[PDB]
$ cat upload.pdb   # PDB, C-alpha atoms
ATOM      1  CA  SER F  22      28.889  98.151  21.104
ATOM      2  CA  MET F  23      29.389  99.593  24.584
ATOM      3  CA  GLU F  24      26.718 102.204  23.808
ATOM      4  CA  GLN F  25      24.169  99.450  23.081
ATOM      5  CA  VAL F  26      24.999  97.731  26.377
ATOM      6  CA  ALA F  27      24.607 100.996  28.281
ATOM      7  CA  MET F  28      21.191 101.548  26.698
ATOM      8  CA  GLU F  29      20.218  98.008  27.613
ATOM      9  CA  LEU F  30      21.264  98.604  31.234
ATOM     10  CA  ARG F  31      19.052 101.704  31.317
ATOM     11  CA  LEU F  32      16.110  99.678  29.988
ATOM     12  CA  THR F  33      16.733  96.948  32.573
ATOM     13  CA  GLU F  34      16.780  99.640  35.254
ATOM     14  CA  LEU F  35      13.540 101.170  33.959
ATOM     15  CA  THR F  36      11.953  97.720  33.971
ATOM     16  CA  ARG F  37      12.932  97.275  37.631
ATOM     17  CA  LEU F  38      11.307 100.586  38.577
ATOM     18  CA  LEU F  39       8.181  99.846  36.534
ATOM     19  CA  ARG F  40       7.890  96.445  38.202
ATOM     20  CA  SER F  41       7.785  98.206  41.568
ATOM     21  CA  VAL F  42       5.222 100.678  40.197
ATOM     22  CA  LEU F  43       3.107  97.843  38.772
ATOM     23  CA  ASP F  44       3.102  96.030  42.115
ATOM     24  CA  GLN F  45       2.044  99.194  43.921
ATOM     25  CA  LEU F  46      -0.733  99.884  41.412
ATOM     26  CA  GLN F  47      -2.067  96.342  41.586
ATOM     27  CA  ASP F  48      -2.196  96.566  45.398
ATOM     28  CA  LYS F  49      -4.839  99.256  44.868
ATOM     29  CA  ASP F  50      -7.012  96.562  43.229
ATOM     30  CA  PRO F  51      -7.515  94.210  46.168
ATOM     31  CA  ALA F  52     -10.618  92.689  44.547
ATOM     32  CA  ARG F  53      -8.443  91.606  41.563
ATOM     33  CA  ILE F  54     -11.034  93.011  39.187
ATOM     34  CA  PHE F  55      -8.264  94.085  36.773
ATOM     35  CA  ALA F  56      -5.885  91.174  37.291
ATOM     36  CA  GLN F  57      -6.770  89.251  34.118
ATOM     37  CA  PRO F  58      -8.105  89.915  30.609
ATOM     38  CA  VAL F  59     -11.872  90.124  30.285
ATOM     39  CA  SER F  60     -12.877  86.622  29.189
ATOM     40  CA  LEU F  61     -14.446  86.461  25.738
ATOM     41  CA  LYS F  62     -16.249  83.328  26.888
ATOM     42  CA  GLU F  63     -18.040  85.216  29.688
ATOM     43  CA  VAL F  64     -18.366  88.463  27.723
ATOM     44  CA  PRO F  65     -18.591  87.364  24.073
ATOM     45  CA  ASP F  66     -19.404  90.862  22.735
ATOM     46  CA  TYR F  67     -16.529  92.627  24.527
ATOM     47  CA  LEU F  68     -14.435  93.388  21.435
ATOM     48  CA  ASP F  69     -17.441  95.063  19.790
ATOM     49  CA  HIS F  70     -17.189  97.611  22.606
ATOM     50  CA  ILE F  71     -13.542  97.793  23.574
ATOM     51  CA  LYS F  72     -10.975  97.984  20.807
ATOM     52  CA  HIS F  73      -7.828  97.671  22.938
ATOM     53  CA  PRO F  74      -8.375  95.444  26.002
ATOM     54  CA  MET F  75      -5.835  95.652  28.806
ATOM     55  CA  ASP F  76      -5.250  94.151  32.251
ATOM     56  CA  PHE F  77      -2.469  93.731  34.819
ATOM     57  CA  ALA F  78      -1.387  90.241  33.659
ATOM     58  CA  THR F  79      -0.965  91.468  30.101
ATOM     59  CA  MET F  80       1.038  94.470  31.349
ATOM     60  CA  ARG F  81       3.268  92.161  33.386
ATOM     61  CA  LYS F  82       4.004  90.021  30.307
ATOM     62  CA  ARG F  83       5.036  93.072  28.294
ATOM     63  CA  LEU F  84       7.052  94.373  31.258
ATOM     64  CA  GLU F  85       9.086  91.204  31.755
ATOM     65  CA  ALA F  86       9.893  91.206  28.043
ATOM     66  CA  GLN F  87      11.221  94.739  28.635
ATOM     67  CA  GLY F  88       8.540  96.008  26.241
ATOM     68  CA  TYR F  89       8.028  99.410  27.884
ATOM     69  CA  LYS F  90      10.644 101.841  26.554
ATOM     70  CA  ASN F  91       9.527 104.723  28.775
ATOM     71  CA  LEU F  92       7.005 105.572  31.508
ATOM     72  CA  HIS F  93       4.525 107.100  29.032
ATOM     73  CA  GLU F  94       4.045 103.716  27.336
ATOM     74  CA  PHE F  95       3.420 102.054  30.702
ATOM     75  CA  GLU F  96       0.969 104.774  31.701
ATOM     76  CA  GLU F  97      -0.906 104.378  28.403
ATOM     77  CA  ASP F  98      -1.591 100.729  29.231
ATOM     78  CA  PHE F  99      -2.646 101.520  32.819
ATOM     79  CA  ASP F 100      -5.033 104.174  31.534
ATOM     80  CA  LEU F 101      -6.535 101.594  29.133
ATOM     81  CA  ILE F 102      -7.428  99.340  32.060
ATOM     82  CA  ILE F 103      -9.322 102.183  33.726
ATOM     83  CA  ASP F 104     -10.848 103.820  30.660
ATOM     84  CA  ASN F 105     -12.063 100.528  29.127
ATOM     85  CA  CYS F 106     -13.786  99.646  32.370
ATOM     86  CA  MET F 107     -15.460 103.043  32.752
ATOM     87  CA  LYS F 108     -16.938 102.784  29.253
ATOM     88  CA  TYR F 109     -18.162  99.167  29.311
ATOM     89  CA  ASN F 110     -19.595  99.313  32.812
ATOM     90  CA  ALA F 111     -22.154 101.790  34.136
ATOM     91  CA  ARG F 112     -21.537 104.204  37.021
ATOM     92  CA  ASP F 113     -23.588 102.188  39.505
ATOM     93  CA  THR F 114     -21.463  99.039  39.162
ATOM     94  CA  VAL F 115     -18.748  97.621  41.393
ATOM     95  CA  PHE F 116     -16.542  97.477  38.277
ATOM     96  CA  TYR F 117     -16.809 101.169  37.405
ATOM     97  CA  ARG F 118     -16.338 102.169  41.028
ATOM     98  CA  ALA F 119     -13.241  99.957  41.346
ATOM     99  CA  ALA F 120     -11.753 101.699  38.318
ATOM    100  CA  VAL F 121     -12.371 105.144  39.822
ATOM    101  CA  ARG F 122     -10.657 104.120  43.063
ATOM    102  CA  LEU F 123      -7.717 102.573  41.186
ATOM    103  CA  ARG F 124      -7.312 105.746  39.100
ATOM    104  CA  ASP F 125      -7.395 107.999  42.162
ATOM    105  CA  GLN F 126      -5.025 105.919  44.295
ATOM    106  CA  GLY F 127      -2.762 105.172  41.345
ATOM    107  CA  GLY F 128      -2.212 108.844  40.580
ATOM    108  CA  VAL F 129      -0.116 109.248  43.723
ATOM    109  CA  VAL F 130       2.156 106.364  42.729
ATOM    110  CA  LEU F 131       2.553 107.533  39.134
ATOM    111  CA  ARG F 132       3.269 111.113  40.198
ATOM    112  CA  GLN F 133       6.374 110.052  42.121
ATOM    113  CA  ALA F 134       7.356 107.469  39.486
ATOM    114  CA  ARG F 135       7.605 110.307  36.961
ATOM    115  CA  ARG F 136       9.906 112.228  39.286
ATOM    116  CA  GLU F 137      12.122 109.154  39.804
ATOM    117  CA  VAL F 138      12.366 108.324  36.109
ATOM    118  CA  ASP F 139      13.343 111.940  35.371
ATOM    119  CA  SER F 140      15.815 112.304  38.248
ATOM    120  CA  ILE F 141      17.665 109.019  37.683
ATOM    121  CA  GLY F 142      17.327 109.504  33.921
ATOM    122  CA  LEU F 143      15.888 106.119  32.977
ATOM    123  CA  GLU F 144      14.501 106.959  29.523
TER     124      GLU F 144
END

$ encode --input "upload.pdb" --output "structure tokens"
Amino acid sequence: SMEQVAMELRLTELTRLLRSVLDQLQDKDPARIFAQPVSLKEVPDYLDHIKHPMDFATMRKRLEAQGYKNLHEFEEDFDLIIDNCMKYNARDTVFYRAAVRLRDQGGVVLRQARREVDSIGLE
């Protein structure tokens, strides 16, 4: 149907915006601490601690499959990256501190992304 096509165009448009958001968020992680999934070879007990692992590569895979239907879903996954890190790692670690900085700098980006999604009407 034409309605289905129109919905699909909206999703494609949302995916384009979220790709730009994802790139901007990842730029705030210059150390690439959050670029890849935590390796279960290097951290064999990780899943005992963290029940829903997340990272930027995994987000990008979901994104390019158009698997984010709205901004909330995307934000959920970004928050997992930060929140998982801040639980597994202690305050005095480079990992925890990187997550704090990513959260703080990312907030700016996500604030305007919400306005753009609303204004253009992408969800």

$ residues_around --input "upload.pdb" --residues "range 130-141 of chain F" --least-positions-apart "6" --cutoff "12 Å" --atoms "all atoms listed in the file" --output "mmCIF file with C-alpha atoms, in the coordinates of the input"
data_model
loop_
_atom_site.group_PDB
_atom_site.id
_atom_site.type_symbol
_atom_site.label_atom_id
_atom_site.label_comp_id
_atom_site.auth_asym_id
_atom_site.auth_seq_id
_atom_site.Cartn_x
_atom_site.Cartn_y
_atom_site.Cartn_z
ATOM 1 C CA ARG F 31 19.052 101.704 31.317
ATOM 2 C CA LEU F 32 16.110 99.678 29.988
ATOM 3 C CA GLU F 34 16.780 99.640 35.254
ATOM 4 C CA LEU F 35 13.540 101.170 33.959
ATOM 5 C CA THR F 36 11.953 97.720 33.971
ATOM 6 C CA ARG F 37 12.932 97.275 37.631
ATOM 7 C CA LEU F 38 11.307 100.586 38.577
ATOM 8 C CA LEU F 39 8.181 99.846 36.534
ATOM 9 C CA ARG F 40 7.890 96.445 38.202
ATOM 10 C CA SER F 41 7.785 98.206 41.568
ATOM 11 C CA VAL F 42 5.222 100.678 40.197
ATOM 12 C CA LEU F 43 3.107 97.843 38.772
ATOM 13 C CA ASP F 44 3.102 96.030 42.115
ATOM 14 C CA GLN F 45 2.044 99.194 43.921
ATOM 15 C CA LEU F 46 -0.733 99.884 41.412
ATOM 16 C CA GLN F 47 -2.067 96.342 41.586
ATOM 17 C CA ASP F 48 -2.196 96.566 45.398
ATOM 18 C CA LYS F 49 -4.839 99.256 44.868
ATOM 19 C CA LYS F 90 10.644 101.841 26.554
ATOM 20 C CA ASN F 91 9.527 104.723 28.775
ATOM 21 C CA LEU F 92 7.005 105.572 31.508
ATOM 22 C CA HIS F 93 4.525 107.100 29.032
ATOM 23 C CA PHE F 95 3.420 102.054 30.702
ATOM 24 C CA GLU F 96 0.969 104.774 31.701
ATOM 25 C CA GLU F 97 -0.906 104.378 28.403
ATOM 26 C CA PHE F 99 -2.646 101.520 32.819
ATOM 27 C CA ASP F 100 -5.033 104.174 31.534
ATOM 28 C CA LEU F 123 -7.717 102.573 41.186
ATOM 29 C CA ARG F 124 -7.312 105.746 39.100
#

$ closest_residue --input "upload.pdb" --among "F:120, F:144, F:127, F:75" --to "residue 60 in chain F" --atoms "only C-alpha atoms"
F:75

$ resolve_selection --input "upload.pdb" --expression "the PyMOL selection byres ((chain F and resi 116) around 10)" --output "list in words"
residues 52, 54, 55, 103, 106, 107, 109, 110, 111, 112, 113, 114, 115, 117, 118, 119, 120 and 121 of chain F

$ residues_near_point --input "upload.pdb" --point "(-4.1, 89.1, 35.5)" --cutoff "10 Å" --atoms "only C-alpha atoms" --output "MDAnalysis selection string"
chainID F and resid 47 53:59 75:82

$ axis_aligned_box --input "upload.pdb" --around "range 38-56 of chain F" --padding-each-side "8 Å" --output "lines of an AutoDock Vina configuration file"
center_x = 0.1
center_y = 95.9
center_z = 41.4
size_x = 38.3
size_y = 25.5
size_z = 25.6

$ atom_distance --input "upload.pdb" --atom1 "CA of residue 29 in chain F" --atom2 "CA of residue 98 in chain F"
22.0 Å

$ atom_distance --input "upload.pdb" --atom1 "CA of residue 62 in chain F" --atom2 "CA of residue 108 in chain F"
19.6 Å

$ atom_distance --input "upload.pdb" --atom1 "CA of residue 89 in chain F" --atom2 "CA of residue 102 in chain F"
16.0 Å

$ build_atoms --input "upload.pdb" --residues "range 81-115 of chain F" --atoms "N, CA and C atoms" --output "JSON list (two decimals), in the frame of the given file"
[["chain", "number", "residue", "atom", "x", "y", "z"],
["F", 81, "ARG", "N", 2.12, 92.82, 32.77],
["F", 81, "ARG", "CA", 3.27, 92.16, 33.39],
["F", 81, "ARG", "C", 4.06, 91.36, 32.34],
["F", 82, "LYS", "N", 3.35, 90.75, 31.40],
["F", 82, "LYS", "CA", 4.00, 90.02, 30.31],
["F", 82, "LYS", "C", 4.85, 90.96, 29.45],
["F", 83, "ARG", "N", 4.28, 92.09, 29.06],
["F", 83, "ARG", "CA", 5.04, 93.07, 28.29],
["F", 83, "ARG", "C", 6.22, 93.60, 29.10],
["F", 84, "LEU", "N", 6.00, 93.87, 30.38],
["F", 84, "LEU", "CA", 7.05, 94.37, 31.26],
["F", 84, "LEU", "C", 8.26, 93.44, 31.35],
["F", 85, "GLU", "N", 8.00, 92.15, 31.55],
["F", 85, "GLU", "CA", 9.09, 91.20, 31.76],
["F", 85, "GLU", "C", 9.81, 90.88, 30.45],
["F", 86, "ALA", "N", 9.21, 91.26, 29.33],
["F", 86, "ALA", "CA", 9.89, 91.21, 28.04],
["F", 86, "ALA", "C", 10.59, 92.53, 27.75],
["F", 87, "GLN", "N", 10.69, 93.38, 28.78],
["F", 87, "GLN", "CA", 11.22, 94.74, 28.64],
["F", 87, "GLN", "C", 10.58, 95.50, 27.47],
["F", 88, "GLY", "N", 9.26, 95.42, 27.36],
["F", 88, "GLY", "CA", 8.54, 96.01, 26.24],
["F", 88, "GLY", "C", 8.04, 97.43, 26.46],
["F", 89, "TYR", "N", 8.32, 98.00, 27.63],
["F", 89, "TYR", "CA", 8.03, 99.41, 27.88],
["F", 89, "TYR", "C", 9.32, 100.23, 27.81],
["F", 90, "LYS", "N", 9.42, 101.08, 26.79],
["F", 90, "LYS", "CA", 10.64, 101.84, 26.55],
["F", 90, "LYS", "C", 10.74, 103.09, 27.43],
["F", 91, "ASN", "N", 9.59, 103.54, 27.93],
["F", 91, "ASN", "CA", 9.53, 104.72, 28.78],
["F", 91, "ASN", "C", 8.28, 104.65, 29.65],
["F", 92, "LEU", "N", 8.15, 105.57, 30.60],
["F", 92, "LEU", "CA", 7.00, 105.57, 31.51],
["F", 92, "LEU", "C", 5.69, 105.89, 30.79],
["F", 93, "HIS", "N", 5.74, 106.74, 29.77],
["F", 93, "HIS", "CA", 4.53, 107.10, 29.03],
["F", 93, "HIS", "C", 3.82, 105.86, 28.48],
["F", 94, "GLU", "N", 4.60, 104.94, 27.92],
["F", 94, "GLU", "CA", 4.04, 103.72, 27.34],
["F", 94, "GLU", "C", 3.35, 102.86, 28.39],
["F", 95, "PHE", "N", 3.96, 102.78, 29.56],
["F", 95, "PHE", "CA", 3.42, 102.05, 30.70],
["F", 95, "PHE", "C", 2.13, 102.72, 31.16],
["F", 96, "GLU", "N", 2.16, 104.04, 31.29],
["F", 96, "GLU", "CA", 0.97, 104.77, 31.70],
["F", 96, "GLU", "C", -0.19, 104.63, 30.72],
["F", 97, "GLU", "N", 0.12, 104.58, 29.42],
["F", 97, "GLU", "CA", -0.91, 104.38, 28.40],
["F", 97, "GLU", "C", -1.69, 103.10, 28.69],
["F", 98, "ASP", "N", -0.96, 102.03, 28.99],
["F", 98, "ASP", "CA", -1.59, 100.73, 29.23],
["F", 98, "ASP", "C", -2.41, 100.76, 30.53],
["F", 99, "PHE", "N", -1.89, 101.40, 31.57],
["F", 99, "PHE", "CA", -2.65, 101.52, 32.82],
["F", 99, "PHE", "C", -3.94, 102.30, 32.60],
["F", 100, "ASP", "N", -3.85, 103.38, 31.83],
["F", 100, "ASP", "CA", -5.03, 104.17, 31.53],
["F", 100, "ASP", "C", -6.06, 103.37, 30.73],
["F", 101, "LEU", "N", -5.61, 102.46, 29.87],
["F", 101, "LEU", "CA", -6.54, 101.59, 29.13],
["F", 101, "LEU", "C", -7.36, 100.72, 30.07],
["F", 102, "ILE", "N", -6.71, 100.16, 31.09],
["F", 102, "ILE", "CA", -7.43, 99.34, 32.06],
["F", 102, "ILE", "C", -8.61, 100.13, 32.63],
["F", 103, "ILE", "N", -8.32, 101.35, 33.08],
["F", 103, "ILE", "CA", -9.32, 102.18, 33.73],
["F", 103, "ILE", "C", -10.38, 102.68, 32.74],
["F", 104, "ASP", "N", -9.93, 103.23, 31.61],
["F", 104, "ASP", "CA", -10.85, 103.82, 30.66],
["F", 104, "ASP", "C", -11.76, 102.78, 30.00],
["F", 105, "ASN", "N", -11.24, 101.58, 29.73],
["F", 105, "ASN", "CA", -12.06, 100.53, 29.13],
["F", 105, "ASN", "C", -13.19, 100.17, 30.08],
["F", 106, "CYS", "N", -12.83, 100.03, 31.35],
["F", 106, "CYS", "CA", -13.79, 99.65, 32.37],
["F", 106, "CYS", "C", -14.89, 100.68, 32.54],
["F", 107, "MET", "N", -14.51, 101.96, 32.52],
["F", 107, "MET", "CA", -15.46, 103.04, 32.75],
["F", 107, "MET", "C", -16.37, 103.29, 31.55],
["F", 108, "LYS", "N", -16.03, 102.72, 30.39],
["F", 108, "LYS", "CA", -16.94, 102.78, 29.25],
["F", 108, "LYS", "C", -17.88, 101.57, 29.23],
["F", 109, "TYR", "N", -17.34, 100.37, 29.41],
["F", 109, "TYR", "CA", -18.16, 99.17, 29.31],
["F", 109, "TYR", "C", -19.17, 99.05, 30.44],
["F", 110, "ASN", "N", -18.76, 99.45, 31.63],
["F", 110, "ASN", "CA", -19.60, 99.31, 32.81],
["F", 110, "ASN", "C", -20.22, 100.63, 33.22],
["F", 111, "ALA", "N", -21.45, 100.58, 33.72],
["F", 111, "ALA", "CA", -22.15, 101.79, 34.14],
["F", 111, "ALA", "C", -21.66, 102.30, 35.48],
["F", 112, "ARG", "N", -21.96, 103.57, 35.77],
["F", 112, "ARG", "CA", -21.54, 104.20, 37.02],
["F", 112, "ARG", "C", -21.94, 103.49, 38.30],
["F", 113, "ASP", "N", -23.08, 102.80, 38.29],
["F", 113, "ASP", "CA", -23.59, 102.19, 39.51],
["F", 113, "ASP", "C", -23.05, 100.77, 39.73],
["F", 114, "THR", "N", -21.96, 100.41, 39.05],
["F", 114, "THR", "CA", -21.46, 99.04, 39.16],
["F", 114, "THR", "C", -20.20, 98.98, 39.99],
["F", 115, "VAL", "N", -19.96, 97.83, 40.61],
["F", 115, "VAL", "CA", -18.75, 97.62, 41.39],
["F", 115, "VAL", "C", -17.50, 97.73, 40.50]]
